Amino acid sequence: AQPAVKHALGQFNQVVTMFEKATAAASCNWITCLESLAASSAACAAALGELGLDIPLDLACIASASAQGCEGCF
Amino acid sequence: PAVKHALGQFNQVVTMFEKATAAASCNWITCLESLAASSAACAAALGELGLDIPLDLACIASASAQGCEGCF
(Lines give C-alpha, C1' and ligand atoms only; values in the text may rest on other atoms or scores of the structure.)
Protein backbone atom coordinates (compact mmCIF):
# COMPACT_ATOMS: atom_id res chain seq x y z
CA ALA A 1 0.00 0.00 0.00
CA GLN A 2 2.93 2.38 0.50
CA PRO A 3 3.38 3.06 -3.26
CA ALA A 4 -0.24 4.22 -3.37
CA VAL A 5 0.18 6.62 -0.43
CA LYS A 6 3.32 8.11 -1.99
CA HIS A 7 1.65 8.42 -5.39
CA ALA A 8 -1.34 10.26 -3.89
CA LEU A 9 1.00 12.65 -2.05
CA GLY A 10 2.76 13.38 -5.34
CA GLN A 11 -0.56 14.11 -7.01
CA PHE A 12 -1.53 16.40 -4.10
CA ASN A 13 1.64 18.45 -4.50
CA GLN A 14 0.92 18.82 -8.23
CA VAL A 15 -2.68 19.92 -7.60
CA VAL A 16 -1.58 22.46 -4.97
CA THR A 17 0.84 24.00 -7.49
CA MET A 18 -1.82 24.10 -10.21
CA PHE A 19 -4.36 25.61 -7.80
CA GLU A 20 -1.92 28.31 -6.66
CA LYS A 21 -1.13 29.30 -10.25
CA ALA A 22 -4.79 29.34 -11.29
CA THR A 23 -6.04 31.39 -8.35
CA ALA A 24 -3.14 33.85 -8.64
CA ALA A 25 -3.93 34.31 -12.34
CA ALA A 26 -7.59 34.98 -11.40
CA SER A 27 -6.57 37.63 -8.80
CA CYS A 28 -7.96 35.76 -5.80
CA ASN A 29 -7.87 37.87 -2.61
CA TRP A 30 -7.39 35.17 0.02
CA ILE A 31 -7.95 37.35 3.07
CA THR A 32 -11.30 38.77 1.95
CA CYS A 33 -12.45 35.33 0.84
CA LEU A 34 -11.35 33.58 4.04
CA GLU A 35 -12.90 36.26 6.27
CA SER A 36 -16.22 35.34 4.63
CA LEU A 37 -15.71 31.56 4.86
CA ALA A 38 -13.96 31.16 8.21
CA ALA A 39 -17.08 30.29 10.23
CA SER A 40 -18.11 27.59 7.73
CA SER A 41 -15.50 24.87 8.31
CA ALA A 42 -12.44 23.80 10.27
CA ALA A 43 -10.29 24.10 7.13
CA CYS A 44 -11.46 27.64 6.43
CA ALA A 45 -10.84 28.73 10.02
CA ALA A 46 -7.32 27.25 9.86
CA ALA A 47 -6.62 28.90 6.50
CA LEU A 48 -7.63 32.32 7.84
CA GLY A 49 -5.39 31.80 10.88
CA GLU A 50 -2.46 31.45 8.47
CA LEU A 51 -3.50 34.69 6.69
CA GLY A 52 -4.20 32.83 3.44
CA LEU A 53 -0.48 32.18 3.01
CA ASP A 54 -0.84 28.37 3.36
CA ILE A 55 -2.04 27.21 -0.09
CA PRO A 56 -2.86 23.63 1.02
CA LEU A 57 -5.19 25.03 3.71
CA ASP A 58 -6.68 27.52 1.22
CA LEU A 59 -7.38 24.61 -1.12
CA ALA A 60 -9.00 22.49 1.60
CA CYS A 61 -11.12 25.49 2.58
CA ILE A 62 -12.40 26.14 -0.96
CA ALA A 63 -13.09 22.43 -1.52
CA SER A 64 -15.17 22.37 1.69
CA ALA A 65 -17.30 25.34 0.64
CA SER A 66 -22.23 32.16 -1.77
CA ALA A 67 -19.33 33.95 -0.06
CA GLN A 68 -18.58 37.62 -0.66
CA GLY A 69 -15.00 38.51 -1.56
CA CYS A 70 -14.14 35.11 -3.10
CA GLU A 71 -13.96 36.17 -6.77
CA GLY A 72 -11.23 34.16 -8.48
CA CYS A 73 -10.81 31.74 -5.57
CA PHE A 74 -13.76 29.53 -6.72
CA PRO B 1 -12.33 26.83 -15.57
CA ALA B 2 -8.68 26.37 -14.48
CA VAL B 3 -9.48 26.85 -10.79
CA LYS B 4 -12.52 24.55 -11.08
CA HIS B 5 -10.41 21.91 -12.85
CA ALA B 6 -7.87 21.87 -10.00
CA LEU B 7 -10.70 21.56 -7.46
CA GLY B 8 -12.07 18.53 -9.30
CA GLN B 9 -8.64 16.90 -9.33
CA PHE B 10 -8.27 17.64 -5.63
CA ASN B 11 -11.43 15.68 -4.81
CA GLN B 12 -10.01 12.66 -6.67
CA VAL B 13 -6.66 12.93 -4.84
CA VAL B 14 -8.40 13.07 -1.44
CA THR B 15 -10.41 9.92 -2.22
CA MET B 16 -7.30 8.00 -3.31
CA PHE B 17 -5.28 9.18 -0.32
CA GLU B 18 -8.02 8.06 2.07
CA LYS B 19 -8.16 4.63 0.43
CA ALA B 20 -4.38 4.26 0.38
CA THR B 21 -3.74 5.26 3.99
CA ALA B 22 -6.60 3.04 5.16
CA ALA B 23 -5.11 0.10 3.22
CA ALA B 24 -1.76 0.89 4.88
CA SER B 25 -3.34 0.89 8.39
CA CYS B 26 -2.40 4.51 9.11
CA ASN B 27 -3.04 5.35 12.79
CA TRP B 28 -4.19 8.94 12.31
CA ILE B 29 -4.75 10.07 15.87
CA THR B 30 -1.34 8.96 17.14
CA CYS B 31 0.39 10.33 14.02
CA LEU B 32 -1.31 13.71 14.36
CA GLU B 33 -0.48 13.88 18.08
CA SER B 34 3.18 13.46 17.12
CA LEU B 35 2.99 16.13 14.39
CA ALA B 36 0.60 18.70 15.89
CA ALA B 37 3.30 21.10 17.10
CA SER B 38 5.01 21.02 13.67
CA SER B 39 2.59 22.93 11.42
CA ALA B 40 -0.68 24.80 11.29
CA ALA B 41 -2.21 22.08 9.12
CA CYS B 42 -1.30 19.35 11.61
CA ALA B 43 -2.73 21.22 14.59
CA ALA B 44 -5.95 21.73 12.62
CA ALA B 45 -6.07 18.07 11.57
CA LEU B 46 -5.68 16.97 15.20
CA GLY B 47 -8.47 19.32 16.24
CA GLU B 48 -10.73 17.31 13.92
CA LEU B 49 -9.45 14.03 15.46
CA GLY B 50 -8.10 12.88 12.09
CA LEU B 51 -11.60 12.64 10.59
CA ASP B 52 -10.97 15.49 8.10
CA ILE B 53 -9.05 13.81 5.26
CA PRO B 54 -8.19 17.09 3.44
CA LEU B 55 -6.60 18.41 6.64
CA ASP B 56 -4.81 15.06 7.21
CA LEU B 57 -3.41 15.25 3.69
CA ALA B 58 -2.22 18.84 4.15
CA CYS B 59 -0.61 17.82 7.44
CA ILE B 60 1.28 14.85 5.97
CA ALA B 61 2.40 16.88 2.96
CA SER B 62 3.76 19.60 5.25
CA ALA B 63 5.55 17.26 7.68
CA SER B 64 10.90 10.78 13.15
CA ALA B 65 7.21 11.03 14.02
CA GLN B 66 5.85 8.23 16.19
CA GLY B 67 2.77 6.43 14.95
CA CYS B 68 2.94 7.74 11.37
CA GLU B 69 3.87 4.48 9.60
CA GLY B 70 1.59 4.11 6.60
CA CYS B 71 0.41 7.73 6.67
CA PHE B 72 3.18 9.06 4.39
# chains A, B, ... in the order shown; residues from 1 in each chain; ligands from 1
call {"tool": "interface_residues", "arguments": {"of": "chain B", "to": "chain A", "cutoff": "10 Å", "atoms": "only C-alpha atoms", "output": "NGL selection string"}}
result
:B and (1-25 or 40-41 or 43-45 or 47-48 or 52-55 or 57-62 or 69-72)
call {"tool": "residues_around", "arguments": {"residues": "residue 52 (chain A)", "least_positions_apart": "4", "cutoff": "8 Å", "atoms": "only C-alpha atoms", "output": "VMD selection string"}}
result
chain A and resid 30 to 31 34 47 to 48 57 to 58
call {"tool": "select_by_dssp", "arguments": {"residues": "chain B", "states": "helix (DSSP H, G or I)", "output": "MDAnalysis selection string"}}
result
chainID B and resid 2:23 28:38 40:47 53:62
